[PDB]
Every structure is written in C-alpha cells, then in structure tokens.
Amino acid sequence: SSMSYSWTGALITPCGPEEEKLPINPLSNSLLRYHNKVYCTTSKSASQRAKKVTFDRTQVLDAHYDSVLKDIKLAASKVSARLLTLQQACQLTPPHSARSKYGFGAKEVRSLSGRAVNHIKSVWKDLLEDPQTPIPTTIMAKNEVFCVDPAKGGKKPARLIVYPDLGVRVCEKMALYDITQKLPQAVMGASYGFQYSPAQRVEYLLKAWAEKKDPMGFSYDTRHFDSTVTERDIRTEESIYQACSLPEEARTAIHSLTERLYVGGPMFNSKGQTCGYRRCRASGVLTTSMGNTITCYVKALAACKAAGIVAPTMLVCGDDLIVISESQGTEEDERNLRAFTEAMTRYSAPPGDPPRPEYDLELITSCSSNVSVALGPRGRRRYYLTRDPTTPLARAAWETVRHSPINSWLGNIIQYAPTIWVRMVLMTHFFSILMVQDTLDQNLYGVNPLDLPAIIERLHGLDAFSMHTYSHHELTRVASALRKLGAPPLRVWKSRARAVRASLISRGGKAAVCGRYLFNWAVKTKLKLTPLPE
RNA sequence: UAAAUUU
RNA sequence: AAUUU
Ligand SMILES: C[C@@]1(F)[C@H](O)[C@@H](COP(=O)(O)OP(=O)(O)O)O[C@H]1c1cnc2c(N)ncnn12
Ligand SMILES: [Cl-]
Ligand SMILES: [Mn+2]
Ligand SMILES: [Mn+2]
Ligand SMILES: [Mn+2]
C-alpha cells in the first residue's frame with residue numbers, strides 16, 4: 001500500500017559549504033598514493049539517494065510474527081521506566097548539537113539558559129495537548145568519506161539524515177530516554193548486541209558456535225532499513241513502549257511523538273522550502289536505534305521460525321544480525337535461508353545481498369567486521385575482531401583545511417590494535433608522524449599516544465603485542481587494500497617499523513615502552529614482554 | 001540527526 | 001574525539 005517518500009521537487013541543500021581536498025596532503029602522502037580514490041559524499045548526490053530509498057511497501061504478517069510480538073510484550077511489561085526532568089534531558093544533549101530555529105543552541109540548552117528551558121517547556125506542553133499535528137523535520141545529506149569502488153557503482157550517493165528541531169529532540173529524551181536504557185535488554189536478553197564489548201561479542205559468538213553439535217552461521221542486513229519501516233511497525237513500536245509501567249504523562253507524550261513525529265511528516269531542506277513527505281523511519285530521532293533493533297529482532301525471530309532454523313542463537317545491532325544454528329545439512333540449510341529471506345521480505349525487510357549459510361566463523365561479516373584468528377605468544381589460537389581496512393585507510397587520508405585525520409588513525413589503532421593492518425601500517429605511520437612533528441606528549445581527542453601500550457593491554461590483552469601467523473583471508477585482504485589505495489606493501493612497512501622502533505627506543509621514557517611493546521613484531525630478537533603496571 | 005561502544 | 005549502526 002504505502003510509499004516511503006514523496007517529493008516536492010525542491011533540492012536537498014547543504015548545511016554550509018562542503019570541504020574539498022587540496023593538491024598536497026602532507027600527513028597522508030607517505031601513507032598512500034591514490035588520493036583520487038578518496039572521496040566525501042555530498043548533497044550534490046542527494047537526489048540519487050532519494051530515488052534508491054523511495055518505493056512501495058507491502059507487509060504481510062503471520063502467526064509466527066504475531067507469536068513473537070506477543071512474547072515480546074509479556075517481556076516489556078517487566079520494565080518500569082520514568083520521565084526525565086526537562087533539565088536532566090537538556091544535560092544529555094551533545095555539545096555541538098545543531099541549534100534550534102528559535103534562536104538558541106546546545107550551549108544554552110546544556111547550561112539551562114532560561115530562553116531555552118522556556119521554549120522546551122512550551123514544546124512539551126504542546127505534545128501533551130495535541131496528539132496529531134505533524135511535526136516538521138529538516139532533511140540533510142550526510143558527508144562521509146570512502147574509497148571508490150567500481151564493482152559497486154564508483155561513488156556512493158550520500159545518506160539522508162532527517163531530524164526535528166532541537167526543542168523536540170530534548171522532549172523526546174524526556175519521554176523516552178529511560179526506556180531506551182531499559183527496554184531492549186529486557187526484550188532481547190543476550191541477543192541485544194549493543195550490550196557487549198568487542199571482546200564479549202567474540203566470546204559470545206564462539207560460545208554459540210562451540211555449543212552446537214554441527215554449527216551453521218549466517219548474517220543478514222536490510223537494504224535501506226529506514227525506508228522499509230512501515231507506519232504500522234512504528235505504531236507496533238509504540239505499543240511495545242506502552243507495555244512497560246509508565247507515568248501517565250509519558251504515555252501521552254510517547255503517543256503524541258509517535259503520531260506526530262515517528263510515523264511520518266513533512267520535510268524541509270536547509271534553505272527552508274518544503275522538500276517532501278515521510279512515511280518511514282526518520283534517521284534523526286531518539287528511537288531510531290532502539291526501534292531498529294527491536295523491530296529487526298521481531299521480524300528476524302519470526303522469520304527464523306518461518307524457515308525452521310533450529311536452535312537459533314541471535315545477535316542484533318540495529319538492522320544487522322547473525323544467527324548461529326544447528327545445520328540440517330547443506331541442502332536443507334540452503335532451503336531455509338531462502339525461506340528466511342522470503343519471510344523477511346514479506347515483513348518488509350528485504351536483503352541488500354541475499355544471505356548464504358556458512359560453516360566457518362571467519363566467513364560471517366556483520367557491522368562491516370568479522371572474527372578472525374591468529375596465534376598468540378605461547379602458540380595458542382587467539383580469536384579477534386577485524387575488517388576490510390579500505391575505509392579506515394581512505395579516512396586516514398582525508399585532509400582538508402577544516403579536518404585532520406590523525407584522530408581517526410588513533411581511533412582505529414585502539415579499536416583494532418590486534419589487526420595486522422593496524423600494527424604494521426597505521427601504528428608505524430602514526431608514530432612516525434608524531435615523532436617528526438615532535439608531538440608525542442600532545443593529547444589527541446583526550447588520549448595520550450604514550451599511554452597506548454597501557455590502553456591496549458587494558459582493552460585487548462597482552463597477546464595483542466605478540467600475535468603472529470595471521471589468516472590467509474586477512475593477509476590477502478590487507479595486501480589487496482594497500483595495493484588498491486597505492487600504499488606501500490607490508491614488507492616496506494616492516495622496514496619503516498624497524499626504523500620507527502629504534503628511534504622510539506632512543507628516547508627512553510614511555511616512548512621506549514611504545515617502541516618495545518607496540519613494535520616487537522618488527523624485530524628478529526623478540527624481547528619477552530610482561531604485564532604493565534599502568 | 002540519533003544511539004551504542006571505545007577513551 | 002573515534003567507530004559502528
Ligand atoms: C538510518 C538507519 F536507520 C539505517 O537505515 C540503519 C541500518 O544501517 P545500514 O544497513 O548501514 O544502512 P541502510 O540499511 O539504511 O542502507 O541504521 C540507521 C543509521 C545508519 N547510519 C545512521 C546515522 N548516521 N544516523 C542515524 N541513523 N543511522
Ligand atoms: Cl599463546
Ligand atoms: Mn541495512
Ligand atoms: Mn497510544
Ligand atoms: Mn546495517
């Protein structure tokens with residue numbers, strides 16, 4: 001029946017001017033050569049994104065869906081949740097959050113300026129007194145960096161972000177925040193993926209894998225999941241929120257926000273014109289993440305039941321899931337995934353790329369990452385998390401007047417410290433750069449480079465400094481991504497690392513600790529590394 | 001724009 | 001601040 005969007009025809013305009021690369025990239029031109037492949041998505045491409053996300057939805061539910069939906073509500077009723085004092089909600093606003101149309105921004109909100117507090121009270125009044133008038137939203141194209149990919153189109157068109165004014169964002173938090181903190185875990189138990197750390201997510205996947213007699217795994221993602229959300233899904237989302245114990249005042253707000261904001265509304269471009277109308281998920285709302293995850297979980301568990309997946313063990317993070325189950329032979333397994341995918345499609349959550357059963361944990365990707373294995377110091381298998389380095393390397397080379405990528409290097413160094421690509425490429429380059437700038441003591445996004453060894457031990461285990469014998473997949477992929485971006489091959493990084501290492505040792509202090517721990521892989525005479533006080 | 005995780 | 005979705 002219903003259509004995800006409708007368009008006035010007005011353009012999707014830019015928040016401000018969009019930054020462009022320069023003829024020299026001083027920080028990254030030693031990292032990689034092919035800067036022509038590094039691009040940032042712009043509003044210029046917004047029109048194309050709109051076409052791909054505008055389409056007719058038809059949903060057909062069934063006993064399996066209904067049964068799951070029932071069970072989820074008997075779980076939701078164990079949750080009691082409170083309102084948030086207008087003030088408490090203001091304090092959860094992020095520092096640089098986009099300012100309101102009504103002459104105040106986040107400085108004012110977080111500091112509880114009177115004008116801001118007053119407007120907000122007024123907006124929350126209106127939610128209580130009017131449960132129908134659509135709330136207007138702004139639509140913008142997100143600016144994100146990527147490496148080109150001819151196999152999949154050349155250059156991706158920009159994601160569309162749709163969000164209400166700042167006043168409404170706070171009110172949302174008042175009504176819903178406590179719920180967002182309690183509901184998912186109460187509904188999905190151990191299947192709620194955002195609860196876990198990267199290490200726990202690995203322990204969990206392995207425990208699941210291990211406890212089957214004959215494991216079969218797969219992953220599923222939905223194509224433009226936000227468009228696939230039906231008006232009805234969003235209302236079913238409401239009724240799940242209401243299953244909790246709630247202040248009467250919340251209920252009225254939840255319902256008002258549902259009917260006015262969440263199921264749809266008009267859209268205005270940054271220059272002010274009417275741009276279109278919306279009958280699906282808005283990316284910009286508080287319930288976007290919770291809602292996606294619950295809704296995906298409902299459909300997925302229903303589909304599991306439609307398709308006969310035996311003994312499923314799930315993991316859901318938004319529209320991304322992994323099911324680990326007992327194989328029924330490859331013949332039946334292939335049949336059931338086909339079924340799973342039909343069921344999901346009938347529920348209006350069709351796949352980007354249809355899924356496939358797999359029988360090796362390394363071959364299951366989800367959230368653009370996967371589990372792999374290498375050998376540890378004493379020769380035991382050590383399982384860990386990694387990904388295609390293509391994007392991180394591309395983002396590593398995004399240098400603009402306004403933007404430096406050094407923060408991104410560090411972010412990826414920490415998150416992925418056991419990965420061969422971090423250890424040989426990013427680390428070498430990061431430390432090489434700061435040594436020459438002579439800025440190791442300096443703080444990057446409130447982290448001290450010289451704390452890395454400690455930081456990494458806390459997070460990844462001392463094994464992170466001594467791992468070796470990486471998988472064929474991981475070696476092939478790293479090699480292939482450095483070749484793709486015109487970076488030196490690993491052998492060259494081996495050389496650079498030795499040099500960096502020696503230089504770091506020269507300086508003594510914490511610098512030499514970094515030199516010895518982070519770069520021990522690079523030497524012939526590997527020094528025995530023990531735990532670190534810090 | 002929203003959230004989660006990491007610091 | 002980073003990353004993910
Ligand atoms: C907008 C989304 F709902 C998106 O559809 C959903 C699934 O992620 P993905 O599978 O990567 O993207 P599509 O399925 O939409 O192609 O997660 C939310 C999402 C992703 N990114 C952002 C963001 N930057 N802000 C807010 N929400 N959001
Ligand atoms: Cl070991
Ligand atoms: Mn998706
Ligand atoms: Mn209601
Ligand atoms: Mn996804």
# chains A, B, ... in the order shown; residues from 1 in each chain; ligands from 1

call {"tool": "residues_near_ligand", "arguments": {"ligand": "ligand 2", "cutoff": "12 Å", "atoms": "only C-alpha atoms (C1' of nucleotides) and all ligand atoms", "output": "VMD selection string"}}
result
chain A and resid 373 to 383 461 to 469

call {"tool": "residues_near_ligand", "arguments": {"ligand": "ligand 1", "cutoff": "8 Å", "atoms": "only C-alpha atoms (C1' of nucleotides) and all ligand atoms", "output": "ChimeraX atom specification"}}
result
/A:142,159-161,221-227,281-285,288-289,292,318-320,352,367 /B:1-3 /C:5

call {"tool": "interface_residues", "arguments": {"of": "chain A", "to": "chain C", "cutoff": "7 Å", "atoms": "only C-alpha atoms (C1' of nucleotides)", "output": "list in words"}}
result
residues 317, 318, 367, 407, 408, 411, 445 and 446 of chain A

call {"tool": "closest_residue", "arguments": {"among": "A:163, A:416, A:431, A:347", "to": "chain B", "atoms": "only C-alpha atoms (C1' of nucleotides)"}}
result
A:163

call {"tool": "closest_residue", "arguments": {"among": "A:120, A:343, A:166, A:364", "to": "chain B", "atoms": "only C-alpha atoms (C1' of nucleotides)"}}
result
A:166

call {"tool": "residues_near_ligand", "arguments": {"ligand": "ligand 4", "cutoff": "10 Å", "atoms": "only C-alpha atoms (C1' of nucleotides) and all ligand atoms", "output": "VMD selection string"}}
result
chain A and resid 131 235 to 236 238 to 239 241 to 242 251 to 259

call {"tool": "select_by_dssp", "arguments": {"residues": "stretch 22-138 of chain A", "states": "strand (DSSP E)", "output": "PyMOL selection string"}}
result
chain A and resi 38-40+137-138

call {"tool": "residues_around", "arguments": {"residues": "stretch 272-278 of chain A", "least_positions_apart": "4", "cutoff": "7 Å", "atoms": "only C-alpha atoms (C1' of nucleotides)", "output": "ChimeraX atom specification"}}
result
/A:4-10,264-268

call {"tool": "closest_residue", "arguments": {"among": "A:168, A:300, A:68, A:337", "to": "chain B", "atoms": "only C-alpha atoms (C1' of nucleotides)"}}
result
A:168

call {"tool": "select_by_dssp", "arguments": {"residues": "stretch 49-294 of chain A", "states": "helix (DSSP H, G or I)", "output": "VMD selection string"}}
result
chain A and resid 49 to 53 63 to 76 86 to 91 106 to 111 114 to 129 150 to 152 166 to 191 193 to 195 198 to 211 225 to 228 231 to 242 248 to 262 287 to 294

call {"tool": "atom_distance", "arguments": {"atom1": "atom CA of residue A:135", "atom2": "atom CA of residue A:271"}}
result
17.9 Å

call {"tool": "residues_around", "arguments": {"residues": "residue A:210", "least_positions_apart": "3", "cutoff": "12 Å", "atoms": "only C-alpha atoms (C1' of nucleotides)", "output": "number ranges by chain"}}
result
A: 202-207, 213-217, 313, 324-326, 360-361

call {"tool": "atom_distance", "arguments": {"atom1": "atom CA of residue A:391", "atom2": "atom CA of residue A:16"}}
result
24.7 Å
